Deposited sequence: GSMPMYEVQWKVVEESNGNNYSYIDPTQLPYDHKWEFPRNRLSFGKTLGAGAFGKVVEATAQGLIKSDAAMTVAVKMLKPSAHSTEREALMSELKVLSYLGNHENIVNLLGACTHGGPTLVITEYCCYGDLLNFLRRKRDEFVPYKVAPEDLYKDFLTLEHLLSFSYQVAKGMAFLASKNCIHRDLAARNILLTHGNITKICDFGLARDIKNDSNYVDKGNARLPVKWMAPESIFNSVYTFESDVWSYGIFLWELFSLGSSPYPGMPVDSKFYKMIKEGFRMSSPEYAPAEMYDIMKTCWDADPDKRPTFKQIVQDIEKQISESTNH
């Protein structure tokens, strides 16, 4: 035991992140749920001493159990360990001296799923959404996930709803509440509500999460993207028949606007054998070549 994997959630909270609570002014709620809410806010003096900036602030309800408080702190420590990357919603600060507040970047265009549904009607393959945009988004998300995988981290809730868009058509992966550093055991074994239609079969049937199950979810994200924000497995409810069809190899067909090479990636992401799925590193190089040929 002279060498070990450093567990990022065991490391101390770095007080370089600490920011005064009184310098945040809370605005409109950006997301809400059982644990708490994410709210838009103006932070005075966060980056430059005399300037206010718009941030997103994640917070728990007062009623949350101390285990929920630990999970928010673990997320904070995971983001601190990961460091900065262009394609992830980056940590900006925290308030840990009343309730724990986690301050991240504010993405002005919101989640990609609603963005696609807004732009669906005016989409043209060739300020309109185009096929070039969709290729860039697929590429940027794969870069972000490749970065996560290189840090021995799995996200576990990859989907268009958890991809945010900000200035410059930059996509950022958000919501790291379920992310895990799996360096030690090569997978993660998880009773909350789960995103069944984005989950690999091994995650549904045996509660196993890996690099490869993140790649499955990325395939579903691609289908969301090139169908311009449609719900996956349309007209199929989550029931006994859904699980049986997935187990027996049923897969979604190519969305209307997906290039053949992109649906090829989707199919490999959805292989029943996790070993046969590609890595995010391989996906990035594939999409690179596709972009290079217009």
Check: Which segments of the deposited sequence lack C-alpha coordinates in the modelled structure, numbering from residue 1?
Finding: 1 to 18, 116, 146 to 154, 219 to 220, 325 to 327
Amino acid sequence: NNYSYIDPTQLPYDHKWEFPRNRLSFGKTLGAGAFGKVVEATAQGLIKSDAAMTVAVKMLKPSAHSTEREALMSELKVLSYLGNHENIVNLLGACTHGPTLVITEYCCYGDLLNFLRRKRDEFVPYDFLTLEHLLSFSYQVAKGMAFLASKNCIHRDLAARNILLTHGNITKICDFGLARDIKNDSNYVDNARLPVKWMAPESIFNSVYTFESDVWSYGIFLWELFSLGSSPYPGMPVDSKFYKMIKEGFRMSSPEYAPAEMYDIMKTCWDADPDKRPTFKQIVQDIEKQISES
From here on, numbers count along this sequence of modelled residues.
Note to self: Counting only other entries where the flanking residues are modelled, do a third or more lack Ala43?
What the structure shows: no
Notebook entry, point to check: Does a third or more of the other compared entries skip modelling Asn1?
Noted result: yes
Next item on the list: Take the C-alpha B-factors listed in the entry for 103 to 111 and for 179 to 187, compute each mean, and give the stretch with the larger one.
Entry: 179 to 187
Note to self: Regarding 114 to 122 and 204 to 212, which shows the higher C-alpha temperature factor on average in the entry?
What the structure shows: 114 to 122
Note to self: Among the choices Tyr139, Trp198, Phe128, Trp223, identify the one whose CA B-factor in the record is greatest.
What the structure shows: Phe128
Next item on the list: Using the temperature factors in the entry, find which of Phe35, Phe242, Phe250, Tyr263 has the highest value at its Cα atom.
Entry: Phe35
Next item on the list: Determine, from the deposited record, the chain-internal third of the Cα B-factor for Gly168: lowest, middle or highest.
Entry: highest
Checklist line | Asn87, C-alpha B-factor rank within chain (lowest, middle or highest third) | finding: middle
Note to self: Please place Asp275 in the lowest, middle or highest third of its chain according to the CA B-factor in the PDB entry.
What the structure shows: highest
Notebook entry, point to check: Among the chain's modelled residues, which third holds the C-alpha B-factor of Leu72?
Noted result: lowest
Next item on the list: Just say lowest, middle or highest third for the CA B-factor of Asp286 relative to the other modelled residues in its chain.
Entry: highest
